[PDB]
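Chains as they are written, first to last, in the deposited numbering: chain A, 449 to 497; chain B, 350 to 398.
We treat Cβ as the ideally placed atom computed from N, Cα and C, and that holds for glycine.
Everything below concerns the one structure shown next.
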Amino acid sequence: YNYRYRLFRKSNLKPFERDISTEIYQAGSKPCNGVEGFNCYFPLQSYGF
Amino acid sequence: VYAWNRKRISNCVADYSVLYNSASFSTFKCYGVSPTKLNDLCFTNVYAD
């Protein structure tokens, strides 16, 4: 389960433009601001290989 | 749940952001963007509650 990939971002990243960032994103109406909830998510989740 | 009634939409105005806006909500499900993005969409099939 160690291999993380990104499910959420505020915008699409550019060609060869690497990004390690782990900021929570708010797609739902709540300003969840550092914790998950209704459509607000930590951006990295992992494959179950 | 064993024997629900059946429905589908008829080219109606799907203001789907109401699922986040209305206070009565107590459960949810997803396979894409939030309910306001569902209000930014259309489909040729519309099987409905």
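Apart from the 5 residues on each side of it in sequence, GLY485(A) sits with its Cβ closer than 8 Å to the Cβ of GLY476, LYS478 in its chain, given in chain order. Taking 8 Å as the upper bound on Cβ-Cβ separation, chain B lies near residues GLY476, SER477, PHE486, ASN487 of the region 476-490 of chain A. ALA363(B) sits close to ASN388(B), with the two beta carbons spaced by under 8 Å. Residue-level contact by beta carbon fails for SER375(B) and chain A, as no gap is shorter than 8 Å.
Bridge pairing for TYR473(A): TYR489(A) [DSSP].
In this structure, DSSP gives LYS356(B) an extended state, which the three-state scheme calls strand. Within chain A, the residues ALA475, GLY476, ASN487 have their CB atoms less than 7 Å from the CB of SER383(B), given in chain order. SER383(B) is bridged by DSSP to nothing; it lacks a bridge partner.
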